[PDB]
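Observations on chain architecture
Chain residues, written in single-letter form:
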Amino acid sequence: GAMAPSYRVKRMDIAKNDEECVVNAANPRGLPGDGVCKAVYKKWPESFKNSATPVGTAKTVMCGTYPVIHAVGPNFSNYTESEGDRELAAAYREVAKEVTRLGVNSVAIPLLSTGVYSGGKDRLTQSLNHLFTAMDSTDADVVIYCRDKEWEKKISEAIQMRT
Ligand SMILES: Nc1nc2ccc(F)cc2s1
Ligand SMILES: [Cl-]
Ligand SMILES: [Cl-]
C-alpha cells in the first residue's frame, strides 16, 4: 500500500487521473451512460466487456493491465431514502474489497449517486461519508474527482477536518 495513506480531491476529468486504477460510477447493465460513465467508456471501452452487475456491487474489468472498478450506486429516483442509503454504503464497501484485492497503491474515485442518480438532491456529505466508512481501513492513496468548484472546497474541507 501507500507509505502514508492519504485522501486528496481534484477538480478534473477522472479519465485523466494519475492513479493505478479508476472507479466508474456505472449503471447496472454495463451501458455507456452519461457523465463519469461516458468519459470512462470513451477512455477504457474494453473495460465494459461483461461489466453488468447489480446495484450495491462492484465488478472490476481490466483495460490492458489498468483496472476499471464498475461501482453501481443506487438511482435515488427509483429507491426510498432508506433503501438507497443502504445500497450506496454497500457499493463503497465492494469498492474497498476490490481496491484491496488488486493490491494498488492508489485509486481515482467519484462520489457515487451525486449526479443523475441523486434524485435531484445534494448528496455530497452522504456519498463522501460512505466513501470514508469504506476506504478508511484501506492503505491506498484515494484521490476523489469532482467537477464543481464549490464541491472541491467542501470535499477539501471535510478531508482536512479529520486532519
Ligand atoms: N469526465 C468526467 N470526469 C468527472 C469527474 C467527476 C465528476 F463529478 C464529473 C465528471 S465528468
Ligand atoms: Cl480536466
Ligand atoms: Cl451519479
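Residues numbered from 1 in each chain as written, not as in the entry; some residues may be left out. Chains lettered and ligands numbered in written order. Heavy atoms only, no water.

The record names X-ray crystallography as the way this model was obtained, at a resolution of 1.63 Å.

1. Notes on the pattern of salt bridges
Considering all chains together, one arrives at 7 salt bridges under this definition. The partner of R101 in a salt bridge is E98, and the shortest N-O contact between them spans 3.1 Å. Highlighted residues: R101 and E98, both in helix α2 (residues 81–102), separated by 3 residues, approximately one helical turn. On the basis of relative accessible area, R101 is assigned to the exposed category, the value being 55%. For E98, a relative accessible area of 14% gives the class buried. In this structure, the salt-bridge partner of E150 is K153, at a minimum N-O distance of 3.1 Å. Here the residue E150 and the residue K153 both occupy positions in helix α4 (residues 149–162), the gap between them amounting to 3 residues, near one helical turn. We classify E150 as partly exposed; its relative accessible area is 42%. One continuous salt-bridge network, built from bridges that share partners, spans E83, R86 and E87. (Salt bridge = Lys/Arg side-chain N within 4 Å of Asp/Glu carboxyl O. Helix = DSSP H or I, 4+ residues; strand = E, 2+ residues; numbered from the N terminus. Buried < 20%, exposed > 50% of the residue type's maximum accessible area, 1.4 Å probe, protein only.)

2. Brief notes about the site of ligand 1
Neighbouring ligand 1 are the residues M12, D13, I14, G35, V36, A39, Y145, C146 and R147. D13 is positioned such that a nitrogen or oxygen atom in its side chain is 2.7 Å from a nitrogen atom of ligand 1. In this structure, a nitrogen atom belonging to ligand 1 sits 3.1 Å away from a main-chain N or O atom of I14. Protein chains bury 74% of the 290 Å² of accessible surface belonging to ligand 1 in isolation. Class assignment for the residues of the shell around ligand 1 results in 6 nonpolar, 1 polar and 2 charged. (Near = heavy atom within 4 Å. Polar contact = N/O pair within 3.5 Å; in protein donor to acceptor, adjacent residues only side chain to side chain. Areas by Shrake-Rupley, 256 points an atom, 1.4 Å probe, with all protein chains shown as cover. Nonpolar A, V, L, I, M, F, W, Y, C, P; charged D, E, K, R; others polar.)

3. Section: α2
Here α2 is 22 residues long and its end C-alpha atoms lie 32 Å apart, about the 32 Å a rise of 1.5 Å per residue gives. Among the residues of α2, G84, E87, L88, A89, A90, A91, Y92, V95, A96, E98 and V99 are the ones counted as buried. Residue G103 follows α2 closely and has a positive phi angle near 70°. (Expected span 1.5 Å × (residues − 1).)

4. Structural notes on the packing of helix α3 (residues 124–135) against α4
Taken N-terminus to C-terminus, the directions of α3 and α4 make an angle of 40°; their axes are 11 Å apart at the nearest point. Between α3 and α4, the crossing angle belongs to the class labelled oblique. Here α3 runs over α4; the crossing is right-handed. Residue-level inspection shows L124, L128 and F132 of α3 in contact with α4, the latter providing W151, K154, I155, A158, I159 and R162. Here the residues of the contact of α3 with α4 sort into 7 nonpolar, no polar and 2 charged. (Axes fitted to C-alpha atoms, helices over the stretch in contact; angles between N-to-C directions. Parallel < 35°, antiparallel > 145°, perpendicular 65-115°, else oblique. Left-handed = near helix turned anticlockwise from the far one by under 90°. Contact = heavy atoms within 4.5 Å.)

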